[PDB]
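# Fold and contact review
Letter by letter, the chains look like this.
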Amino acid sequence: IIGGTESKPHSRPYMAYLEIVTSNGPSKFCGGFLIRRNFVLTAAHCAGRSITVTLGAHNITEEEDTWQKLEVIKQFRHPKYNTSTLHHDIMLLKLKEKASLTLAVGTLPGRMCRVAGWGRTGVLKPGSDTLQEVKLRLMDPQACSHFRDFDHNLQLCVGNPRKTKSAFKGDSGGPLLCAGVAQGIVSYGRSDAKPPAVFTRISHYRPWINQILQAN
Ligand SMILES: Cc1c(S(=O)(=O)Nc2ccc(-c3ccncc3)cc2C(F)(F)F)sc2ccc(F)cc12
Ligand SMILES: [Zn+2]
């Protein structure tokens, strides 16, 4: 998160910190959010060989009783996910067991929405130890035209280009909440962090989400 504030600790109890393993490189990291006690929603580009989910975190470097480290038993990447266009950048993670409900852990184009994450706080900066959040402007789709594979039906265009405020690397998979309702998932943007960024429009995938949740 660039240009944001430190979240009040545990004020977003649905937030998930994802550590993603691949065979041929070190761990990568993403955000996500708990939508059922045993399901986390995130971005498809956060898929890997295996994933660990930490719920209940604020400072991800300091173990505390709110933490629930949970095994993912299966990844459900959207079947039409495209690695070139990044269309359908959405994935459900089924947890081995249902998370415990605690205070710190529970389930979840001109308006202002909020996104949170542990991602980088600048181009040359590292992932944040603490959960950060930022208020961003929903933009008209023409603001994202320069993303040649942007699609207004599939995606949201998020972040006033006049501001430095943005989701960034490591925030992938985190929710965009507009008046308390999750409308988007951090997907991609520019390497140089110039907003706007592209978010998955969750509404488009409600049928698919429902099918996975009902059948698993
Ligand atoms: C994650 C991300 C990055 S990245 O550089 O780490 N990855 C990336 C960037 C651009 C595309 C892309 C470019 C054209 N058409 C489609 C996709 C795809 C990728 C993919 F897949 F690797 F994640 S920059 C940024 C900025 C804001 C934000 F919120 C998220 C990100
Ligand atoms: Zn705490």
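Residues numbered from 1 in each chain as written, not as in the entry; some residues may be left out. Chains lettered and ligands numbered in written order. Heavy atoms only, no water.

Per the deposited record, the coordinates in this entry were obtained by X-ray crystallography to a resolution of 1.61 Å.

As annotated in the PDB entry, the chain is Chymase from Homo sapiens. Checking UniProt for the chain, the heading Function contains the comment "Major secreted protease of mast cells with suspected roles in vasoactive peptide generation, extracellular matrix degradation, and regulation of gland secretion." Per UniProt, the comment on the chain under Sequence similarities is "Belongs to the peptidase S1 family. Granzyme subfamily." (UniProt positions renumbered as here; feature names shortened; annotations may be inferred.)

A count of helical and extended segments in the chain gives 1 helix and 13 strands. Secondary structure elements of the chain, listed N to C terminal, follow the sequence β-β-β-β-β-β-β-β-β-β-β-β-β-α. Against the globule reference of 17 Å for 216 residues, the chain gives a C-alpha radius of gyration of 16 Å, in line with a compact fold. Across the 216 residues of the chain, 50% fall into the buried class. (Helix = DSSP H or I, 4+ residues; strand = E, 2+ residues; numbered from the N terminus. Rg over C-alpha atoms; globule rule 2.2 N^0.38 Å. Buried < 20%, exposed > 50% of the residue type's maximum accessible area, 1.4 Å probe, protein only.)

Sulfur atoms bridged by a disulfide sit less than 2.5 Å apart; for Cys 113 and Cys 178, annotated as such a bridge in UniProt, the distance of 2.0 Å is consistent with the bond. Here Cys 113 is found in strand 8 (residues 112–117), whereas its partner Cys 178 is found in strand 11 (residues 175–178), with 65 residues between them in sequence. Like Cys 178, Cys 113 is buried. Judged by the under 2.5 Å criterion, the sulfur atoms of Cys 144 and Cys 157, which UniProt pairs in a disulfide, are close enough at 2.0 Å to be bonded in these coordinates. One end of the pair, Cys 144, is in the loop between strand 9 (132–139) and strand 10 (155–158); the other, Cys 157, is in strand 10, with 13 residues separating them in the sequence. The class of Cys 144 is buried, set by a relative accessible area of 0%. (Disulfide = S-S within 2.5 Å.)

A word on the state of the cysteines. Throughout the structure, instances matching the rule amount to 3 disulfides. Covalently, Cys 30 is tied to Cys 46 through a disulfide, its sulfur atoms 2.0 Å apart. Linking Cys 30 and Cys 46, the disulfide has an S-S dihedral of approximately -90° and is accordingly described as left-handed. In this pair, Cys 30 is assigned in strand 3 (residues 25–36) and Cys 46 in the loop between strand 4 (39–42) and strand 5 (50–55), connecting sequence segments 16 residues apart. As far as burial versus exposure is concerned, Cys 30 and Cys 46 are alike and both buried. At a sulfur-sulfur separation of 2.0 Å, the disulfide partner of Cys 144 is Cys 157. For the disulfide bridge between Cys 144 and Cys 157, the dihedral angle about the S-S bond is near 90°, and by the sign convention the bridge is right-handed.

This part takes up the pairing of strand 5. With 6 bridges joining them, strand 2 (residues 15–22) and strand 5 adopt antiparallel strand pairing. Paired with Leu 18 across the strands is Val 53, a residue of strand 5. The pairing of strand 5 with strand 6 (residues 68–77) spans 4 bridges and is antiparallel. If you follow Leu 55 over to strand 6, its bridge partner there is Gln 68. (Pairing = 2+ DSSP bridges.)

Here the residue pair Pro 195 and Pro 196 is connected by a cis peptide bond, since its omega of 5° sits within 30 degrees of zero. Tracing the backbone through its elements, the reader meets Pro 196 in the loop between strand 12 (181–188) and strand 13 (197–201). Unlike most non-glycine residues, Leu 86 shows phi in positive territory, near 60°. When you line up the elements, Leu 86 lands in the loop between strand 6 and strand 7 (91–95).

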